[PDB]
Amino acid sequence: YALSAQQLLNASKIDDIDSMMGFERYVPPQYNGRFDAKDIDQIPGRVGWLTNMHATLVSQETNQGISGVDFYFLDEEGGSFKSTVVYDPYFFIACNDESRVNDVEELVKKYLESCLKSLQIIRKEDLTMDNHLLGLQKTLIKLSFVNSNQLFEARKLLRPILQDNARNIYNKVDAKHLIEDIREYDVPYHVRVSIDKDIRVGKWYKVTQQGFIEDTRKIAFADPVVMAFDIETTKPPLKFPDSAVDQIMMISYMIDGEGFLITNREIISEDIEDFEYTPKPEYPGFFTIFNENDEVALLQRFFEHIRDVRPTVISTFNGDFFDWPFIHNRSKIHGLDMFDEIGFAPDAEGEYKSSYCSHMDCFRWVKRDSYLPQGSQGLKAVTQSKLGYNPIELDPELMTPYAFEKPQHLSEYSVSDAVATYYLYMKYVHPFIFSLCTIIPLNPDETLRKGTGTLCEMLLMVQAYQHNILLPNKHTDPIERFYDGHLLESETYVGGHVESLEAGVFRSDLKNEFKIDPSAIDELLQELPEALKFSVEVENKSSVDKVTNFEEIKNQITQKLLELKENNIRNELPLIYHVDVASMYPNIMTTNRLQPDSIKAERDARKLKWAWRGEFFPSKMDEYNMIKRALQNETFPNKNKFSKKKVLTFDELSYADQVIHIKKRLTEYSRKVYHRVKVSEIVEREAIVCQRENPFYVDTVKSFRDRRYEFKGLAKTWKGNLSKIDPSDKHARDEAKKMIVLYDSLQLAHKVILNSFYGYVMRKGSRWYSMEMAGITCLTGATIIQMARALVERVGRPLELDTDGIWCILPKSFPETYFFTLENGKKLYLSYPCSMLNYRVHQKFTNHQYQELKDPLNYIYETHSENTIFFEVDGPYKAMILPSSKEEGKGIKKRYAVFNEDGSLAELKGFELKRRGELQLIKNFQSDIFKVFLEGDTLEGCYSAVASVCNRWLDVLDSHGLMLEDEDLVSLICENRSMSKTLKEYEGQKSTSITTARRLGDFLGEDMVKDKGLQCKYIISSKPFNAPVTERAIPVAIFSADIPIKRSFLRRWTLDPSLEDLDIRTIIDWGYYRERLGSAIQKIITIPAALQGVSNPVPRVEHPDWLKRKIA
DNA sequence: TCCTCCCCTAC
DNA sequence: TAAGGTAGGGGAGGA
Ligand SMILES: Nc1ccn([C@H]2C[C@H](O)[C@@H](COP(=O)(O)OP(=O)(O)OP(=O)(O)O)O2)c(=O)n1
Ligand SMILES: [Ca+2]
Ligand SMILES: [Ca+2]
Ligand SMILES: [Ca+2]
Ligand SMILES: [Ca+2]
Ligand code: NA
């Protein structure tokens, strides 16, 4: 009430912004006809490309706003407009008693009186309901409203009634007790409109008086006006900038391929000149300069320029977190209004959004969709990886000084950030997101930023809606859970399977010893015919009938196999192969028809197992019960500072908070008495997957899988292509290489979303929660990969295994690739080691119970066999190096290096080199070391070459760093560690990051550690002696402080007052670093060297005793 | 020697 | 207030 006044004032303000920027609210010509989408052209109205959409309140051309959505269009004529749909918000009440429905209808029609606009009886399929497969629907009351405000009040009015639900004791029930639950009450409005109306951003539409008519003719988006900007500010030495005090010394940016720079000459010592920055032909960048007087000349110039070009997309890089908020503040102090200026402002999440223009923050794409590791999510590494060139770097601390000192080069660097950001946006973020919008009921701002789980839920809501299925409410996690009287600390299911089986060096040129099992060779022979058939019909989708050389090929293989049976002990060059199941979990789901609503609790079939794993306290109910009364006797603080009541009973805390104390009180009691905090126990469990249920969920997974397989296909064609034709150099292909990066990126950017269909069943607030399904997917996978390993174990050596992949060696004698010939001359490709696995998967893991609706009207189901699980193969490779543990008998999982034959790095997994932070010495040393495994011409020769490098590095550290320039040394010895939260939120915890952060607070001021995500860069020191490692962490920033400053703290931290030497060398605990460098040499070189019968190739690093002992 | 925390990778 | 999952390496503390 009365707050519609607000939004209509605001909605109105937006309407003026939209008009300023070129979106006049357009209304289609009146027409009362019966148009056929066939004849769209005949119909009066405007054709536009939908580029955006937002919820707004609208004035009646009582007196309260009407809710609707503004849809932002670009038209075929290079213009823009916005059209508005209105649509009453709604949600449902569901009831226990089907019979008394009109009863409740009358109650609420009056009880809600004040806010209700309409009311109605509708029917939706509820999968929670018995025999809905026979056609039975749940009956609901559709509650509609004039605006979302009114809808919220209705919820407020039913809150009471709902909780209450959940006289003459010697005893026609009241209409209140029948209201069991409301439904679809938390669907965001604009989503509600996009789904029901079936409108998507990114699609073409003719706006007519009937509604939006999709023009399926138009292929290709329209070309919005894209601007990308990056700002540079003044920093203090060693500190973060402050919008409070510091100035925007420049603002570089691009607009449809044309650079601009805006300098603030109150900082820039000279009028900068127009210049060309063009990292590559594909990326031309000529800039124009707007040297401006002070801060505000630049600001206003910026805004004027936005207004001028009217951009629908403004892109940045972490602009939400830094760039925008800066600008905003510098705008206020200069007394400008940014909202009035260009119509941008922060939303409820502190993120900066406009109405007419999307703010595409590329960092969001990198974080979520790039599949890059966090250590490579900076604009430089992103640029290197995704753009293929080396961006300009500049030490942050020099950016201010160079403003005066070397201005033009500072300006050169700034345009680089923009060129990167702009072409990263246009080449990756733009197509991906906007295409994503064509299937997801979100606008670009949201399609870029929502969790992938949320992207999945949206898709599933469409699918459920269009099938007339009623949405389950969001799941809420339970307060506490028990197992055998024990309070469960945590519980889950056993995930994927991971094995480290062999360490060492493996090269296509160094023979390896094989111990083949003739038995296994037998089986492959007996299977061969049916397997070869499988490859043709299934893997390639043909018939053996059209096959020319099915028989030649069968013996080529057979000969080699037989040879291996007799000659089963051999010694030859290895084929270094990798096999990996394509979209494993999604295909396990779609194969077994796994979906949350198919898991029935005995009522009311495919039995599949999973493995539950609980982590519980050793204590029991009595001890649990005992602990509570003790806790009932205490006081706690009132969380809600909106009350003057400061002290709270235990029973007054939420059940939620209660359980926290109980846990932390019971954890200690457990410790003293039992005397462990957790017990873990694994229980095999079984579940029933009904095979006839509405497959709307699993169908959605299938649709999105197929969407990714295509990208995965042609990205294999261009990999396919490259290898032959364009590998002849000279060439500007190069282009083939550029296709692959772009497709593998698209297929990869789908990968996390796809696999989130699996994770979604486990997410908080999931509408489709099922732990059973998630467990079943994982146990099936574990079973499949262990079957594969067991086979390879017998015809080669598996080196490492993770969830759905095996790295292995096979003997060169093992049959590999062949081609089937057709009557048509076309050739079908076969990789026997792959297809040999796949035939076996399908023999054992096929779903023979898969059912489907052939006849919906007659409810007739047909049964058939489903299986879409396939290993695919890559390689063979030139080399794979695998680390080994320091602890005996244990290995290292999820770490290795693989090299192509052309000598390039195929894959680096897991190592510190790739990780964010870590000790830089180790990163560099690892960078150095791996390629050296490609040398020597014997095994021990290989370790020889690799040791030499080890020794140069040991030297540097034994040498106490005397060999190293000061600027180089300070780089190598740094360790960078990200604090995930803020220092304060760690209280009672000891870490090198904490200490460093602490000290970085005093040296520079608590303004340094205010925010989250602080990068603590530190060294270890010898002094104070004896002090635990977490105590000797020193902020590298000190050695850049002016001397008097460095003294006090060095003195303060070293805990020795006398000291007056300030060389970083005097400080460093070299014994620390020699040792961390030694552990790496051990795991990566010497200990793997051992396991292959090679004496310690780096004797300056001594074996572990246990490994010495094993020597004898 | 083991567990536990945290960050960040691998699936 | 919005929010996919589990398995693992390894540094560092302490039971
Ligand atoms: N971000 C990820 C990566 C993987 N997985 C789970 C589900 C995957 O199916 C399984 C296998 O990992 P892959 O990396 O092998 O994933 P796919 O098999 O799904 O991908 P590809 O088609 O590249 O083989 O692990 C996951 O849940 N989330
Ligand atoms: Ca920036
Ligand atoms: Ca896979
Ligand atoms: Ca894999
Ligand atoms: Ca671990
Ligand atoms: Na390692």
# chains A, B, ... in the order shown; residues from 1 in each chain; ligands from 1

call {"tool": "closest_atom_pairs", "arguments": {"of": "chain B", "to": "ligand 1", "cutoff": "12 Å", "atoms": "only C-alpha atoms (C1' of nucleotides) and all ligand atoms", "output": "CSV"}}
result
residue,atom,partner,partner_atom_place_in_ligand_line,distance
B:9,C1',ligand 1,1 (N),11.1
B:10,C1',ligand 1,14 (O),7.6
B:11,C1',ligand 1,12 (O),4.4

call {"tool": "residues_near_ligand", "arguments": {"ligand": "ligand 5", "cutoff": "12 Å", "atoms": "only C-alpha atoms (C1' of nucleotides) and all ligand atoms", "output": "compact mmCIF listing (two decimals) with N, CA, C and O atoms (P, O5', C5', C4', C3', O3' and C1' of nucleotides), in the first residue's frame"}}
result
# COMPACT_ATOMS: atom_id res chain seq x y z
N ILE A 892 50.53 -40.40 -5.61
CA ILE A 892 49.92 -39.09 -5.76
C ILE A 892 48.83 -39.17 -6.80
O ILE A 892 49.07 -39.56 -7.91
N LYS A 893 47.62 -38.79 -6.44
CA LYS A 893 46.53 -38.76 -7.40
C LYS A 893 46.32 -37.36 -7.99
O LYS A 893 46.63 -36.36 -7.36
N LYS A 894 45.82 -37.30 -9.22
CA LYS A 894 45.39 -36.05 -9.83
C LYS A 894 46.54 -35.10 -10.12
O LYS A 894 46.39 -33.90 -10.00
P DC B 3 43.19 -40.85 10.42
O5' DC B 3 42.80 -39.44 11.04
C5' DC B 3 42.19 -39.37 12.30
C4' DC B 3 41.97 -37.94 12.71
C3' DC B 3 41.06 -37.13 11.77
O3' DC B 3 40.01 -36.52 12.51
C1' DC B 3 43.09 -35.97 12.20
P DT B 4 39.00 -35.51 11.77
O5' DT B 4 39.82 -34.15 11.71
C5' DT B 4 39.98 -33.40 12.87
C4' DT B 4 40.15 -31.95 12.51
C3' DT B 4 39.22 -31.49 11.41
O3' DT B 4 38.78 -30.19 11.66
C1' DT B 4 41.45 -31.15 10.75
P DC B 5 37.56 -29.62 10.81
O5' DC B 5 38.17 -28.33 10.13
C5' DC B 5 38.63 -27.27 10.92
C4' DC B 5 39.71 -26.53 10.19
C3' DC B 5 39.28 -25.96 8.86
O3' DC B 5 38.82 -24.65 9.04
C1' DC B 5 41.48 -26.96 8.78
P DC B 6 38.09 -23.90 7.83
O5' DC B 6 39.26 -23.69 6.77
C5' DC B 6 40.36 -22.87 7.11
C4' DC B 6 41.26 -22.66 5.93
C3' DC B 6 40.53 -22.29 4.64
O3' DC B 6 41.16 -21.17 4.00
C1' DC B 6 41.89 -24.22 4.31
P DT B 9 43.18 -23.36 -8.99
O5' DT B 9 43.11 -24.71 -9.78
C5' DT B 9 44.20 -25.54 -9.79
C4' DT B 9 43.83 -26.95 -9.35
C3' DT B 9 43.11 -27.82 -10.34
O3' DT B 9 44.02 -28.39 -11.22
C1' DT B 9 42.55 -28.25 -8.05
P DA C 7 33.56 -38.51 -1.96
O5' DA C 7 34.75 -38.16 -2.94
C5' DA C 7 35.05 -39.01 -4.02
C4' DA C 7 36.50 -38.86 -4.44
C3' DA C 7 37.52 -39.10 -3.34
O3' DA C 7 38.65 -39.65 -3.92
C1' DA C 7 37.71 -36.87 -4.11
P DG C 8 39.94 -40.03 -3.07
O5' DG C 8 40.88 -38.78 -3.23
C5' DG C 8 41.48 -38.53 -4.44
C4' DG C 8 42.36 -37.31 -4.34
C3' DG C 8 43.42 -37.35 -3.25
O3' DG C 8 44.67 -37.23 -3.85
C1' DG C 8 42.33 -35.26 -3.32
P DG C 9 45.99 -37.63 -3.08
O5' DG C 9 46.92 -36.41 -3.29
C5' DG C 9 46.45 -35.24 -3.84
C4' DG C 9 47.58 -34.28 -4.03
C3' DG C 9 48.71 -34.47 -3.06
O3' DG C 9 49.84 -33.80 -3.51
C1' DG C 9 47.37 -32.65 -2.39
P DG C 10 51.23 -33.95 -2.74
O5' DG C 10 51.22 -32.78 -1.69
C5' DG C 10 51.11 -31.46 -2.14
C4' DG C 10 51.11 -30.50 -0.98
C3' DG C 10 51.87 -30.98 0.23
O3' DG C 10 52.24 -29.86 0.94
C1' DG C 10 49.75 -30.62 0.86
P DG C 11 53.70 -29.72 1.56
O5' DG C 11 53.57 -28.44 2.46
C5' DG C 11 53.29 -27.22 1.86
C4' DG C 11 52.64 -26.28 2.84
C3' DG C 11 53.29 -26.27 4.21
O3' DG C 11 53.14 -25.01 4.78
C1' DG C 11 51.08 -27.01 4.43

call {"tool": "select_by_dssp", "arguments": {"residues": "segment 970-1051 of chain A", "states": "strand (DSSP E)", "output": "list in words"}}
result
residues 975, 976, 977, 978, 1015, 1016, 1017, 1018, 1019, 1020, 1033, 1034 and 1035 of chain A

call {"tool": "atom_distance", "arguments": {"atom1": "atom CA of residue 309 of chain A", "atom2": "atom CA of residue 226 of chain A"}}
result
9.3 Å

call {"tool": "residues_around", "arguments": {"residues": "residue 13 of chain C", "least_positions_apart": "6", "cutoff": "12 Å", "atoms": "only C-alpha atoms (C1' of nucleotides)", "output": "list in words"}}
result
residues 988, 989, 990, 991, 992, 1028, 1029 and 1030 of chain A; 3, 4 and 5 of chain B

call {"tool": "residues_near_ligand", "arguments": {"ligand": "ligand 3", "cutoff": "6 Å", "atoms": "only C-alpha atoms (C1' of nucleotides) and all ligand atoms", "output": "NGL selection string"}}
result
:A and (580-584 or 804)

call {"tool": "write_last_selection", "arguments": {"atoms": "C-alpha atoms", "output": "mmCIF file, in the first residue's frame"}}
result
data_model
loop_
_atom_site.group_PDB
_atom_site.id
_atom_site.type_symbol
_atom_site.label_atom_id
_atom_site.label_comp_id
_atom_site.auth_asym_id
_atom_site.auth_seq_id
_atom_site.Cartn_x
_atom_site.Cartn_y
_atom_site.Cartn_z
ATOM 1 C CA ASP A 580 37.545 -40.953 -21.169
ATOM 2 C CA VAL A 581 33.778 -41.439 -20.955
ATOM 3 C CA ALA A 582 31.979 -38.648 -22.764
ATOM 4 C CA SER A 583 29.624 -36.659 -20.494
ATOM 5 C CA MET A 584 29.683 -39.513 -18.009
ATOM 6 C CA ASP A 804 35.773 -41.892 -15.842
#

call {"tool": "closest_atom_pairs", "arguments": {"of": "chain A", "to": "ligand 4", "cutoff": "12 Å", "atoms": "only C-alpha atoms and all ligand atoms", "output": "CSV"}}
result
residue,atom,partner,partner_atom_place_in_ligand_line,distance
A:496,CA,ligand 4,1 (Ca),10.5
A:497,CA,ligand 4,1 (Ca),10.9
A:498,CA,ligand 4,1 (Ca),10.6
A:578,CA,ligand 4,1 (Ca),9.3
A:579,CA,ligand 4,1 (Ca),8.1
A:580,CA,ligand 4,1 (Ca),5.1
A:581,CA,ligand 4,1 (Ca),6.5
A:582,CA,ligand 4,1 (Ca),7.9
A:583,CA,ligand 4,1 (Ca),8.7
A:584,CA,ligand 4,1 (Ca),8.2
A:585,CA,ligand 4,1 (Ca),10.7
A:751,CA,ligand 4,1 (Ca),11.8
A:781,CA,ligand 4,1 (Ca),11.2
A:785,CA,ligand 4,1 (Ca),10.3
A:800,CA,ligand 4,1 (Ca),11.1
A:801,CA,ligand 4,1 (Ca),8.6
A:802,CA,ligand 4,1 (Ca),6.3
A:803,CA,ligand 4,1 (Ca),6.4
A:804,CA,ligand 4,1 (Ca),4.9
A:805,CA,ligand 4,1 (Ca),4.5
A:806,CA,ligand 4,1 (Ca),7.9
A:807,CA,ligand 4,1 (Ca),9.9
A:870,CA,ligand 4,1 (Ca),11.9
A:871,CA,ligand 4,1 (Ca),9.7
A:872,CA,ligand 4,1 (Ca),10.1
A:873,CA,ligand 4,1 (Ca),10.9
A:874,CA,ligand 4,1 (Ca),11.5
A:894,CA,ligand 4,1 (Ca),10.9
A:909,CA,ligand 4,1 (Ca),11.9

call {"tool": "write_last_selection", "arguments": {"atoms": "C-alpha atoms", "output": "compact mmCIF listing (two decimals), in the first residue's frame"}}
result
# COMPACT_ATOMS: atom_id res chain seq x y z
CA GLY A 496 33.88 -40.92 -8.07
CA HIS A 497 36.69 -43.44 -8.09
CA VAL A 498 40.33 -42.38 -8.23
CA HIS A 578 43.93 -42.06 -22.56
CA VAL A 579 40.30 -43.18 -22.52
CA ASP A 580 37.54 -40.95 -21.17
CA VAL A 581 33.78 -41.44 -20.96
CA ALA A 582 31.98 -38.65 -22.76
CA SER A 583 29.62 -36.66 -20.49
CA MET A 584 29.68 -39.51 -18.01
CA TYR A 585 27.18 -38.62 -15.32
CA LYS A 751 30.24 -28.69 -19.58
CA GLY A 781 30.26 -44.67 -12.66
CA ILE A 785 35.52 -47.31 -14.58
CA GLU A 800 46.24 -43.42 -13.23
CA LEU A 801 42.44 -43.37 -13.05
CA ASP A 802 39.94 -40.64 -12.22
CA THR A 803 36.14 -41.11 -12.13
CA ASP A 804 35.77 -41.89 -15.84
CA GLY A 805 39.21 -41.82 -17.39
CA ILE A 806 42.18 -44.10 -17.51
CA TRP A 807 45.71 -43.22 -18.46
CA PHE A 870 30.89 -44.29 -24.48
CA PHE A 871 34.60 -44.12 -23.83
CA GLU A 872 36.43 -42.02 -26.33
CA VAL A 873 40.15 -42.14 -26.86
CA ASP A 874 42.90 -39.58 -27.36
CA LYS A 894 45.39 -36.05 -9.83
CA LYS A 909 47.23 -31.44 -14.07

call {"tool": "atom_distance", "arguments": {"atom1": "atom CA of residue 956 of chain A", "atom2": "atom CA of residue 921 of chain A"}}
result
10.5 Å

call {"tool": "closest_residue", "arguments": {"among": "A:902, A:1102, A:499, A:513", "to": "chain B", "atoms": "only C-alpha atoms (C1' of nucleotides)"}}
result
A:499
